[PDB]
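*Asks:* Counted the way PDB author numbering counts, the sequence shown spans residues 15 to 224.
Supplied in structure tokens, the structure appears directly below.
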Amino acid sequence: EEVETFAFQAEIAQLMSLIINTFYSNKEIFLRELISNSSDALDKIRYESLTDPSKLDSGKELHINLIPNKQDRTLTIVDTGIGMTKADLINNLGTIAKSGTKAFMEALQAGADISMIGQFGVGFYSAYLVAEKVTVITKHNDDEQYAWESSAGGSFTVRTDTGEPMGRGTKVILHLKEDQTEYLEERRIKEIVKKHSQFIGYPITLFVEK
Ligand SMILES: Nc1ncnc2[nH]cnc12
Numbered sequence: 015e016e017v018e019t020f021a022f023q024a025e026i027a028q029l030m031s032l033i034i035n036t037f038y039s040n041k042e043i044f045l046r047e048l049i050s051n052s053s054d055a056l057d058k059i060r061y062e063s064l065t066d067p068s069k070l071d072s073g074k075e076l077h078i079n080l081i082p083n084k085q086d087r088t089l090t091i092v093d094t095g096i097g098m099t100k101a102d103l104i105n106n107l108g109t110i111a112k113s114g115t116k117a118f119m120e121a122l123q124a125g126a127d128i129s130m131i132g133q134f135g136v137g138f139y140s141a142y143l144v145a146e147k148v149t150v151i152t153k154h155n156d157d158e159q160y161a162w163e164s165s166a167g168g169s170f171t172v173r174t175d176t177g178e179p180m181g182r183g184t185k186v187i188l189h190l191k192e193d194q195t196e197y198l199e200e201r202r203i204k205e206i207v208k209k210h211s212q213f214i215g216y217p218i219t220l221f222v223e224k
């Protein structure tokens, strides 16, 4: 029931402020970037399992689920990948985000655009193109289940998660901005997945709603 609050490193705070406040119409790349992250996490537990099959005792299925919820105005990306320890979460969700931001902003001045964010290892933060808040629920074999959350503004929280047990993996819950609800529509998500993620090597299931 204890919540810890952390400050973002200055460079990540600046990155998030850039993504939040730059005029950039091609916001759909956020989903490509989150699906790519999930794919990398699934590769990692698969790789670990090749020499230690017990790594899959927490779940043998390796997949990515996309879950829109119009009532909550949320779009959730679920994977059964390696997941993240508490230390991984605090360390910028397993990324080298300080140095990657630096490389990304230097690329932006030399004629790169925001869609190239994933080449600098910080594509997670493109979530803020379309979300006002992001909640990440995660479970790694070596640690307990945790919830990370941030509405930008310079800080994030970490707490033990009491929700439904996940087994192993990561859920990225996007609390969408009011003018970005097109990403809850079935036909729009399908369009984006077919365009940017057609060759991902894991089944991607787009859930539907009542
Ligand atoms: N889906 C994911 N799995 C593991 N680490 C991550 N860091 C960011 N997204 C992640």
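C-beta: ideal position from N, C-alpha, C; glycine also.
For ligand 1, is there any heavy atom lying closer than 7 angstroms to the beta carbon of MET180?
*Replies:* Here residue 180 refers to the residue found at position 166 when the sequence shown is read from its first residue. No, since every heavy atom of ligand 1 falls outside the 7 angstroms radius drawn around the Cβ of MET180.
*Asks:* To the nearest angstrom, report how far apart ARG87 and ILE151 are at their CA atoms.
*Replies:* Counting from one through the sequence shown, the residue named residue 87 turns up at place 73. Counting from one through the sequence shown, the residue named residue 151 turns up at place 137. So the alpha carbons of these two residues sit roughly 17 angstroms apart.
*Asks:* Which residues does DSSP pair with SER68 in a beta bridge?
*Replies:* Your numbering for residue 68 matches position 54 in the sequence shown. According to DSSP, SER68 bridges with nothing at all.
*Asks:* Taking 7 angstroms as the cut-off, is the CB of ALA55 close to at least one heavy atom of ligand 1?
*Replies:* Numbered from its first residue, the sequence shown carries residue 55 at position 41. Flag set: Cβ of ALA55 near ligand 1.
*Asks:* Rounded to whole angstroms, what's the CA-CA distance from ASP93 to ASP193? Just pull it up for me.
*Replies:* Numbered from its first residue, the sequence shown carries residue 93 at position 79. Numbered from its first residue, the sequence shown carries residue 193 at position 179. Each residue's Cα considered, the two are about 27 angstroms apart.
*Asks:* Just confirm the distance between the C-beta atoms of residue 3 and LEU80, as a whole number of angstroms; I'd bet it's less than 8 angstroms.
*Replies:* In the structure as shown, the chain starts at 15 and stops at 224, and residue 3 therefore has no counterpart that could be examined.
*Asks:* With DSSP collapsed to three states, give me the class of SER31.
*Replies:* What you label residue 31 is simply residue 17 of the sequence shown in a count that begins at 1. It is helical.
*Asks:* Tell me, please, which residues DSSP counts as bridged to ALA117.
*Replies:* As a working mapping, residue 117 is identified with position 103 in the sequence shown. Partner(s): none; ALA117 has no beta bridge.
*Asks:* Among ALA101, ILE128, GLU16, which one has its Cα closest to the Cα of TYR142?
*Replies:* Along the sequence shown, one-based indexing puts residue 142 at 128. Answer by Cα proximity: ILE128.
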